[PDB]
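Let's start with one chain on its own, the form deposited in one PDB entry, as structure tokens.
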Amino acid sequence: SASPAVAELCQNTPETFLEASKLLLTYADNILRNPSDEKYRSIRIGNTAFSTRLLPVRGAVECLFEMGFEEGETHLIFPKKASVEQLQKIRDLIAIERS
């Protein structure tokens, strides 16, 4: 598993890396652990946490794209076609780097 997005995320300062990676794990785990709950498959682009703590961080949105999210006008969406396996892959790579 050699992710360009996770590698880029890891180039951030330790504190910024921790902030963004925490959110990334949360978004993945919410889907992985609640497969029946469609609300976790969308993240609003203007959501305060997302827009201020994730989106500005180098590599972070690309981690979501590698997970399988796609960008819509107002939200990122984890589509019906998206593999849970791939979502899990990136979750695992991030978790290893968080320690």
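Residue indices: 1-based, along the sequence shown.
Same protein, other form: the form solved in complex with a partner chain, not shown, and the subject of what follows.
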Is residue 44 close enough to its partner chain in the deposited complex to count, meaning some heavy atom within 4.5 Å?
yes
Can you check whether residue 33 is within 4.5 Å of its partner chain in the deposited complex, heavy atom basis?
no
Is it the case that residue 23, even though its partner is missing from this view, gets within 4.5 Å of its partner chain in the deposited complex, heavy atoms only?
yes
Contact label in the deposited complex: residue 58 to its partner chain, heavy atom within 4.5 Å
no
